[PDB]
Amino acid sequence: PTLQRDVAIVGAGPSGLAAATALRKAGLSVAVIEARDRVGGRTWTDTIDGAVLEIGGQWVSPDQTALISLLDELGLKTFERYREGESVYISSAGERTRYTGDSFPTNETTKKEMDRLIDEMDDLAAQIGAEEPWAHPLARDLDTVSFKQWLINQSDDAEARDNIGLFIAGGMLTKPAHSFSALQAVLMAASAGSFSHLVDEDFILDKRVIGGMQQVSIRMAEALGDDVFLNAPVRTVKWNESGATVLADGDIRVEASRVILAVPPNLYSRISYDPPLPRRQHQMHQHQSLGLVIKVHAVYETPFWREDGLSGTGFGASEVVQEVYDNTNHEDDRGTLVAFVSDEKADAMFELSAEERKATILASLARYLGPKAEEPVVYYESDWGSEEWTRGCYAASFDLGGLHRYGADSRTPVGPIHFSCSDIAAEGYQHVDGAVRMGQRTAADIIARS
């Protein structure tokens, strides 16, 4: 077909659907043109070997007020990750300690250096913010030193530095700490409300969606009916000052006044622009790259770790698997774990065969929770890197130096072309809440323009 709308939206992940929702509410027409056979993008619930898994994003935290509002508006309810009993810490030397409380069971020197680092990061985050960290007068100094070098300059304590990196590098940006700047760490902290928020798994990994996070996108997409187009990769955006024509597979052709490119930034150059985007965009987009993390899912006859007095939460910056949590489905009698293998360690596991890789990862899970972790009934690894319409995970960030160099331009419309994804968000950066915020912000921009 060919059709005419106020706004063509490329991508039906949560940012594109949030924008579509808001645009409709204010009386604008939309088409949402989506490449895959489903909506949700980096959120995806599927049944794998008889187990319902959240293959993509899943967690809701208390700072994420725009997602929490939306969940309400869609009739979605939440439940909390299980947290009773003891967590497990694996030291830099490989020693396992069960513990409770807000600090890791390390030697006192490391424990004092960690608290100091956490406080300094909280102070920087509070002063610098997530809206425009590049405009702060500290921006150039912080953005031209890697987070690894900045940590070394702050502290002689190797274990504290490794644990501080655990929460930002493997835990959030999913890139090695040598490869991103101290200002990018500060933005990551500020975006979650504080660095202390990223340290506390009871805050950042607090709740999940009954029904699964993919329902958020599914329900916004339902409300839009035939205005959503699936299995339609956008190939071409012809534009001028008055409008755009979007062309997609299946001979689709949408003529609209504005376009929202609601895709992560590494994928912008998948589309031919006619005329080309400006030099500024051609350069900036090359400096954006997603991280890499394997989300590991292991399903067992029972949550066996609870019988041992454990919450299922483990942290070990020196393990192949640096984080493991109880991810048992709501109302399920079977126990499920989720675990993460980040950046260069994800590279290293993908070099092994799937069978050696599984055994390696399960051996690491057994160091936290015991040998029963090696006998799951369903094992699955999310594999977002293989997916041409994602190509990595959780989210995209600048290379070292790119945030201060290009950050102020990362949300700017090129004439009728607008940009909206979690990867360029302020609060909620890299998460569903940031996709939602950015979709709503882009809608209000377009609305006021009209």
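In case it trips you up, residue 1 is the first one in the sequence shown, and so on.
When the C-alpha B-factors of 28 to 36 and 405 to 413 are averaged, 28 to 36 comes out higher. Just going by the entry, 47 to 55 versus 419 to 427 on mean CA temperature factor gives the higher value to 47 to 55. When the C-alpha B-factors of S92, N107, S194, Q149 are ranked from the entry, the top spot goes to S92. The top Cα temperature factor in the record, among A190, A256, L117, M213, falls on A256.
Among all modelled residues in its chain, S397 ranks in the lowest third by Cα B-factor. Ranked within its chain, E351 lands in the highest third, by CA B factor from the PDB record.
Placement of the Cα temperature factor of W239 within the chain: highest third of the modelled residues, per the deposited record. Remark: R219 belongs to the highest third of its chain, ranked by C-alpha B-factor as recorded. Remark: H285 belongs to the middle third of its chain, ranked by C-alpha B-factor as recorded.
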